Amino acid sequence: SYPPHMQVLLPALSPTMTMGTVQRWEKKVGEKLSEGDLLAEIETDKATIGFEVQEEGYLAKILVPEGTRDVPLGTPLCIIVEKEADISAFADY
């Protein structure tokens, strides 16, 4: 199928958040993700939040472009892969 991958879903980043704007990606496709790196600024009605990487790997694809307003909770944002050899497997989507 595809090599082992993880979808990063938009969490509720504060207790009342129901949607967020993907203001800026702070990682590029191909880059190593260490746990706790900055992944994106997400803007609500209430704050501009630094969304951190929760699991280590490699950024394989960005599902939600920079600038996309009003993204609902649970929307996949991007795809993470364990090895970098497995990044090219996803330019294909």
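Numbers follow the displayed sequence, beginning with 1.
- Looking at the C-alpha B-factors along this chain, the one for residue 37 belongs to the lowest third.
- For residue 17, the recorded CA B-factor ranks within the highest third of the chain. Only modelled residues enter the ranking.
- Sort the chain's modelled residues by C-alpha temperature factor and residue 9 lands in the lowest third, per the entry.
- Compared with the other modelled residues of the chain, the Cα B-factor recorded for residue 77 ranks in the lowest third.
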